[PDB]
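Novice: Input file: target.cif. Contents: mmCIF, C-alpha atoms and all ligand atoms.
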```cif
data_entry
loop_
_atom_site.label_atom_id
_atom_site.label_comp_id
_atom_site.auth_asym_id
_atom_site.auth_seq_id
_atom_site.Cartn_x
_atom_site.Cartn_y
_atom_site.Cartn_z
CA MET G 1 0.00 0.00 0.00
CA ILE G 2 2.97 2.23 -0.90
CA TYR G 3 3.97 3.53 -4.35
CA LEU G 4 7.54 4.67 -5.15
CA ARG G 5 7.88 7.35 -7.86
CA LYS G 6 11.59 7.16 -8.66
CA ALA G 7 13.28 10.39 -9.62
CA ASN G 8 14.08 9.33 -13.21
CA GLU G 9 10.44 8.36 -13.92
CA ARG G 10 9.23 11.91 -13.41
CA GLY G 11 8.21 13.69 -16.56
CA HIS G 12 11.24 15.49 -17.96
CA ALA G 13 10.95 18.81 -19.81
CA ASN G 14 14.13 20.77 -20.51
CA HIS G 15 13.51 24.16 -22.19
CA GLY G 16 17.01 25.62 -22.52
CA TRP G 17 16.46 28.12 -19.71
CA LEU G 18 14.32 25.82 -17.53
CA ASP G 19 15.12 22.14 -16.91
CA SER G 20 12.23 20.65 -14.94
CA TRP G 21 10.97 17.28 -13.62
CA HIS G 22 7.30 16.63 -12.96
CA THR G 23 6.04 14.24 -10.32
CA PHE G 24 2.58 14.61 -11.83
CA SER G 25 1.02 15.58 -15.14
CA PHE G 26 1.79 19.23 -15.93
CA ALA G 27 2.17 21.28 -19.17
CA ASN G 28 3.36 19.18 -22.15
CA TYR G 29 3.66 16.08 -19.97
CA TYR G 30 0.57 13.89 -19.57
CA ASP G 31 0.08 10.51 -17.79
CA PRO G 32 -3.33 9.51 -16.33
CA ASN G 33 -1.72 7.51 -13.50
CA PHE G 34 0.65 10.30 -12.40
CA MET G 35 -2.32 12.71 -12.14
CA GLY G 36 -2.33 13.87 -8.52
CA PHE G 37 -2.23 12.61 -4.94
CA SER G 38 -5.12 13.74 -2.70
CA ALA G 39 -4.67 17.52 -2.67
CA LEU G 40 -1.07 17.48 -3.94
CA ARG G 41 -1.65 18.22 -7.62
CA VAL G 42 1.84 19.29 -8.74
CA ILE G 43 5.41 18.69 -7.54
CA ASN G 44 7.87 20.33 -9.96
CA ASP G 45 11.64 20.19 -9.47
CA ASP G 46 12.94 23.19 -11.45
CA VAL G 47 16.40 24.47 -12.30
CA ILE G 48 16.30 27.96 -13.84
CA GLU G 49 19.61 28.96 -15.43
CA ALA G 50 21.12 32.29 -14.33
CA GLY G 51 19.27 35.40 -15.42
CA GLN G 52 16.18 33.59 -16.69
CA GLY G 53 12.65 33.25 -15.39
CA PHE G 54 8.96 32.90 -16.12
CA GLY G 55 7.23 35.95 -17.59
CA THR G 56 4.05 37.64 -16.41
CA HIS G 57 1.48 34.83 -16.20
CA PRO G 58 -1.80 34.41 -14.25
CA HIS G 59 -2.76 31.80 -11.61
CA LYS G 60 -6.21 31.41 -10.06
CA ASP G 61 -7.73 29.28 -7.28
CA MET G 62 -4.67 27.34 -6.12
CA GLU G 63 -2.46 27.34 -3.00
CA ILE G 64 1.07 27.42 -4.54
CA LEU G 65 4.17 26.63 -2.47
CA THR G 66 7.76 27.37 -3.48
CA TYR G 67 10.70 25.82 -1.62
CA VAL G 68 14.02 27.26 -2.75
CA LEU G 69 16.99 24.89 -2.55
CA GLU G 70 19.77 26.75 -4.37
CA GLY G 71 20.36 30.36 -5.42
CA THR G 72 17.59 32.95 -5.09
CA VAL G 73 14.25 33.79 -6.74
CA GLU G 74 12.81 37.30 -7.24
CA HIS G 75 9.01 37.45 -7.34
CA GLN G 76 7.00 40.35 -8.85
CA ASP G 77 3.25 40.44 -8.12
CA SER G 78 0.41 42.60 -9.41
CA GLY G 80 2.40 44.53 -6.57
CA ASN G 81 5.20 42.70 -4.75
CA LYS G 82 8.95 42.52 -5.50
CA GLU G 83 10.36 40.45 -2.60
CA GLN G 84 13.11 37.85 -3.01
CA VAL G 85 13.30 34.34 -1.46
CA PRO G 86 16.75 32.82 -0.70
CA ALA G 87 17.97 29.23 -0.38
CA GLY G 88 16.22 27.58 2.57
CA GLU G 89 12.99 29.63 2.80
CA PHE G 90 9.51 28.59 1.68
CA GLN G 91 7.00 31.02 0.19
CA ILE G 92 3.31 30.35 -0.28
CA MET G 93 0.60 32.26 -2.22
CA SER G 94 -3.06 31.20 -2.22
CA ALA G 95 -4.61 32.70 -5.38
CA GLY G 96 -8.38 32.05 -5.21
CA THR G 97 -10.12 34.85 -7.13
CA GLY G 98 -7.12 35.40 -9.41
CA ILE G 99 -3.63 36.85 -9.44
CA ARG G 100 -0.79 37.63 -11.84
CA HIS G 101 2.88 37.14 -10.90
CA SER G 102 6.21 36.67 -12.64
CA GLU G 103 9.11 34.75 -11.06
CA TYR G 104 12.76 34.92 -12.17
CA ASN G 105 16.36 34.24 -11.14
CA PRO G 106 18.01 37.46 -9.91
CA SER G 107 21.60 36.24 -10.01
CA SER G 108 23.63 36.49 -13.21
CA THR G 109 26.22 34.06 -11.83
CA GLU G 110 24.00 31.57 -10.03
CA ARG G 111 21.52 28.91 -10.97
CA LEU G 112 18.22 28.84 -9.13
CA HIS G 113 16.90 25.41 -8.14
CA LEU G 114 13.57 24.96 -6.39
CA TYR G 115 10.52 22.81 -5.77
CA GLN G 116 7.16 24.06 -7.08
CA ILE G 117 4.22 22.62 -5.13
CA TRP G 118 0.50 22.98 -5.91
CA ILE G 119 -2.24 22.05 -3.45
CA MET G 120 -5.94 22.24 -4.43
CA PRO G 121 -7.54 24.64 -1.93
CA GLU G 122 -10.63 23.75 0.09
CA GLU G 123 -12.70 26.37 -1.86
CA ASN G 124 -12.18 28.82 -4.73
CA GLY G 125 -12.45 32.60 -4.76
CA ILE G 126 -10.55 33.21 -1.55
CA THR G 127 -8.60 36.40 -1.12
CA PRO G 128 -5.10 36.51 -2.69
CA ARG G 129 -2.33 36.37 -0.04
CA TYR G 130 1.43 35.77 0.07
CA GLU G 131 3.30 34.65 3.24
CA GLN G 132 6.98 33.76 3.12
CA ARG G 133 8.96 32.38 6.12
CA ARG G 134 12.46 31.03 6.85
CA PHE G 135 11.42 27.53 8.04
CA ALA G 137 17.12 23.91 10.17
CA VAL G 138 19.56 21.07 10.91
CA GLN G 139 17.68 18.56 13.10
CA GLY G 140 14.01 18.10 13.88
CA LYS G 141 10.70 17.92 12.05
CA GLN G 142 9.66 21.51 11.20
CA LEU G 143 6.01 22.33 10.58
CA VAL G 144 5.83 24.36 7.39
CA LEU G 145 2.14 24.45 6.40
CA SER G 146 -1.00 23.88 8.45
CA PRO G 147 -4.63 25.03 8.23
CA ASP G 148 -4.46 27.19 11.40
CA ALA G 149 -0.81 28.43 11.14
CA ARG G 150 0.02 26.69 14.45
CA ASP G 151 3.55 26.34 15.93
CA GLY G 152 4.76 29.14 13.67
CA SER G 153 3.74 27.43 10.44
CA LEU G 154 2.15 29.29 7.52
CA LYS G 155 -1.50 29.00 6.57
CA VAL G 156 -2.60 26.76 3.71
CA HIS G 157 -6.26 26.88 2.68
CA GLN G 158 -6.60 23.11 2.72
CA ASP G 159 -6.95 20.41 5.40
CA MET G 160 -3.32 19.36 5.22
CA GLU G 161 -0.01 19.80 6.98
CA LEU G 162 3.50 19.87 5.52
CA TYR G 163 6.62 19.06 7.56
CA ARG G 164 10.25 19.69 6.60
CA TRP G 165 11.78 16.71 8.38
CA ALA G 166 15.57 16.87 8.75
CA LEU G 167 17.05 13.57 9.93
CA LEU G 168 20.53 12.41 10.90
CA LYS G 169 22.05 9.07 9.99
CA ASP G 170 20.34 6.10 11.71
CA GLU G 171 17.71 8.34 13.27
CA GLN G 172 14.16 7.04 13.04
CA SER G 173 10.84 8.66 13.99
CA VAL G 174 7.25 7.51 13.45
CA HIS G 175 4.51 9.66 11.97
CA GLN G 176 1.15 9.29 13.64
CA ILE G 177 -0.97 9.10 10.42
CA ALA G 178 -4.63 9.91 10.95
CA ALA G 179 -7.89 8.26 9.90
CA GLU G 180 -8.55 7.90 6.19
CA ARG G 181 -5.70 10.33 5.47
CA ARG G 182 -3.02 9.90 2.79
CA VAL G 183 0.68 10.95 2.81
CA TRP G 184 3.34 11.93 0.30
CA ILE G 185 7.04 11.84 1.10
CA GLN G 186 9.30 13.81 -1.22
CA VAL G 187 12.95 13.05 -0.49
CA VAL G 188 14.81 16.33 -0.77
CA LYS G 189 18.36 15.04 -0.36
CA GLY G 190 19.75 11.81 1.07
CA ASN G 191 18.58 8.21 1.53
CA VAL G 192 15.66 7.15 3.72
CA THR G 193 13.62 3.98 4.29
CA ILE G 194 9.85 4.29 4.78
CA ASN G 195 7.79 1.26 5.88
CA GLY G 196 10.34 -0.96 4.13
CA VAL G 197 10.74 1.06 0.94
CA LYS G 198 14.10 2.70 0.26
CA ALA G 199 14.05 6.12 -1.35
CA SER G 200 16.89 8.40 -2.37
CA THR G 201 17.15 12.07 -3.40
CA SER G 202 14.16 13.29 -5.44
CA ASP G 203 12.19 10.04 -5.11
CA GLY G 204 8.65 10.34 -3.89
CA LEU G 205 6.54 7.84 -1.99
CA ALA G 206 2.77 7.84 -1.70
CA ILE G 207 1.24 6.08 1.28
CA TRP G 208 -2.42 5.42 1.93
CA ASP G 209 -4.60 3.02 3.91
CA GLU G 210 -1.71 2.77 6.39
CA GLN G 211 -1.84 3.08 10.18
CA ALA G 212 1.63 4.67 10.67
CA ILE G 213 4.88 5.69 8.98
CA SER G 214 8.30 4.56 10.15
CA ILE G 215 10.97 6.66 8.47
CA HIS G 216 14.58 5.46 8.88
CA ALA G 217 17.25 7.93 7.86
CA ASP G 218 19.64 5.57 6.06
CA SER G 219 21.85 8.71 6.05
CA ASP G 220 21.63 12.41 6.85
CA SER G 221 18.70 13.47 4.71
CA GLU G 222 15.91 16.02 4.49
CA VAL G 223 12.37 15.08 3.41
CA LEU G 224 9.06 16.84 2.81
CA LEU G 225 5.98 15.24 4.31
CA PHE G 226 2.45 15.98 3.09
CA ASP G 227 -0.23 14.76 5.50
CA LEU G 228 -3.19 14.94 3.15
CA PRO G 229 -6.94 14.43 3.53
CA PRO G 230 -8.91 11.42 2.17
CA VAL G 231 -11.37 11.08 -0.77
NI NI X 1 3.65 31.04 -11.50
#
```
Take the structure in this file and express it as structure tokens.
Specialist:
Amino acid sequence: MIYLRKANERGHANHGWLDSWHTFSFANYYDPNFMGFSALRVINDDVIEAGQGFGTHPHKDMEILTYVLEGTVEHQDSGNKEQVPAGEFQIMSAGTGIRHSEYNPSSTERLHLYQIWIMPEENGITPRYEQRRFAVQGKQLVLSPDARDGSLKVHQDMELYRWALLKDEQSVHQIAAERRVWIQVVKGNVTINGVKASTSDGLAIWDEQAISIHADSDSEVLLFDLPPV
């Protein structure tokens, strides 16, 4: 009751300025199996060569999360112009509609980030854009529906932890009722409920009463506790 999406079976789309790998269907990459997982609809693993970026485009009715891993990303709303450096997340629920344009401010540095898309619990909510700096050990709480423990709000019944584990560490994750979970291995090597997973792999667990996660090495993962069906 555990599916392993290996890194090299993500949809690949290199564009010259943007190399990108898609955990799910997205743009000119379509597979009916790899559609979505619960509310996780998009996990994109993007490298954006120095100086390049997406032009002025419009999102609507979607809670979008960016997690920057290397370099920096400038973000220009319409009216923001705040940056986001390596290590900080940045959300933006869109609801009624918005128009933004993201780019790589360095001319010497590649930008590498995760692009995450979670279907919000209702459309037409008010545009909003939080952006925090959420370490080296521990399971951080990045997204939650009430912004508890210093997390950010996400307009969906789901939490997102940035678990950072040291070699041979092992914690359990409570797992709720009919809930589902996605692990996205950021770096390293882990073992979840028997299933090994390395950098950029993703595992999708459901109909399971608990999650044992064994850091086969120092490794960071992203955990999506996601609601049922
Ligand atoms: Ni965008």
Novice: So the first atom is CA of residue 162 (chain G) and the second is CA of residue 56 (chain G); what is the distance between them in Å, to one decimal place?
Specialist: 28.2 Å
Novice: Quick one: contact table of chain G to ligand NI 1 (chain X), 12 Å max, nearest atom pair and distance in Å to one decimal per residue, counting all atoms listed in the file, chain and number order, as a Markdown table?
Specialist:
```
| residue | atom | partner | partner_atom | distance |
| --- | --- | --- | --- | --- |
| G:44 | CA | X:NI1 | NI | 11.6 |
| G:53 | CA | X:NI1 | NI | 10.1 |
| G:54 | CA | X:NI1 | NI | 7.3 |
| G:55 | CA | X:NI1 | NI | 8.6 |
| G:56 | CA | X:NI1 | NI | 8.2 |
| G:57 | CA | X:NI1 | NI | 6.4 |
| G:58 | CA | X:NI1 | NI | 7.0 |
| G:59 | CA | X:NI1 | NI | 6.5 |
| G:60 | CA | X:NI1 | NI | 10.0 |
| G:62 | CA | X:NI1 | NI | 10.6 |
| G:63 | CA | X:NI1 | NI | 11.1 |
| G:64 | CA | X:NI1 | NI | 8.3 |
| G:65 | CA | X:NI1 | NI | 10.1 |
| G:66 | CA | X:NI1 | NI | 9.7 |
| G:73 | CA | X:NI1 | NI | 11.9 |
| G:74 | CA | X:NI1 | NI | 11.9 |
| G:75 | CA | X:NI1 | NI | 9.3 |
| G:76 | CA | X:NI1 | NI | 10.2 |
| G:77 | CA | X:NI1 | NI | 10.0 |
| G:92 | CA | X:NI1 | NI | 11.2 |
| G:93 | CA | X:NI1 | NI | 9.8 |
| G:94 | CA | X:NI1 | NI | 11.5 |
| G:95 | CA | X:NI1 | NI | 10.4 |
| G:98 | CA | X:NI1 | NI | 11.8 |
| G:99 | CA | X:NI1 | NI | 9.5 |
| G:100 | CA | X:NI1 | NI | 8.0 |
| G:101 | CA | X:NI1 | NI | 6.2 |
| G:102 | CA | X:NI1 | NI | 6.3 |
| G:103 | CA | X:NI1 | NI | 6.6 |
| G:104 | CA | X:NI1 | NI | 9.9 |
| G:116 | CA | X:NI1 | NI | 9.0 |
| G:117 | CA | X:NI1 | NI | 10.6 |
| G:118 | CA | X:NI1 | NI | 10.3 |
```
Novice: Choose the residue, out of G:82, G:26, G:4, G:48, that has the smallest atom-to-atom separation from residue 187 (chain G); count only C-alpha atoms.
Specialist: G:4
Novice: Got a sec: who's within 12 Å of region 170-172 of chain G, counting only C-alpha atoms, leaving out chain neighbours fewer than 6 positions off, as a PyMOL selection string?
Specialist: chain G and resi 139-141+191-195+213-222
Novice: Could you tell me how far CA of residue 159 (chain G) lies from CA of residue 126 (chain G), in Å and to one decimal?
Specialist: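 Between CA of residue 159 (chain G) and CA of residue 126 (chain G) the gap works out to 15.0 Å.
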Novice: Which residue is closest to residue 131 (chain G)? Choose from G:43, G:114, G:144, G:206 and count all atoms listed in the file.
Specialist: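 Among G:43, G:114, G:144, G:206, it is G:144 that comes nearest to residue 131 (chain G).
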Novice: Which residue gives the smallest distance to residue 202 (chain G) among G:115, G:67, G:35, G:133, with only C-alpha atoms counted?
Specialist: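 For residue 202 (chain G), the nearest of the candidates is G:115.
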Novice: Would you work out the distance separating CA of residue 36 (chain G) from CA of residue 153 (chain G), expressed in Å to one decimal?
Specialist: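 CA of residue 153 (chain G) lies 24.1 Å from CA of residue 36 (chain G).
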Novice: From the list G:19, G:61, G:209, G:83, which residue is nearest residue 97 (chain G) when using only C-alpha atoms?
Specialist: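 For residue 97 (chain G), the nearest of the candidates is G:61.
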Novice: Which protein, DNA or RNA residues are at most 6 Å from (10.0, 12.1, -8.6) in the file's coordinates when you count only C-alpha atoms, listed as a list in words?
Specialist: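 Counting only C-alpha atoms, I find these residues within 6 Å of (10.0, 12.1, -8.6): residues 5, 6, 7, 10, 23, 202, 203 and 204 of chain G.
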Novice: What's the 6 Å shell around residue 212 (chain G), counting all atoms listed in the file, without same-chain residues fewer than 4 positions away, as JSON, numbers by chain?
Specialist: {"G": [175, 176, 177]}
Novice: Given 8 Å of margin on each side, can you work out the centre and size in Å (one decimal) of an axis-aligned box holding every listed atom of region 90-93 of chain G, as AutoDock Vina command-line options?
Specialist:
```
--center_x 5.1 --center_y 30.4 --center_z -0.3 --size_x 24.9 --size_y 19.7 --size_z 19.9
```
Novice: Within 12 Å of (11.8, 30.3, 5.4), only C-alpha atoms: residues as a ChimeraX atom specification?
Specialist: /G:65-69,84-92,131-135,137,142-145,152-154,164
Novice: Taking all atoms listed in the file into account, which of G:12, G:198, G:151, G:211 comes nearest residue 174 (chain G)?
Specialist: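 Nearest candidate to residue 174 (chain G) out of G:12, G:198, G:151, G:211: G:211.
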Novice: Which residue out of G:179, G:25, G:111, G:3 has the minimum interatomic distance to residue 199 (chain G) when only C-alpha atoms are used?
Specialist: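 Counting only C-alpha atoms, the residue closest to residue 199 (chain G) is G:3.
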Novice: Using all atoms listed in the file, determine which residues lie at most 9 Å from residue 17 (chain G), disregarding the query and same-chain residues fewer than 4 positions distant; provide the list as a PyMOL selection string.
Specialist: chain G and resi 47-53
Novice: If you count all atoms listed in the file, which residues fall within 7 Å of residue 158 (chain G), apart from same-chain ones fewer than 5 positions away, as a ChimeraX atom specification?
Specialist: /G:121-122,147
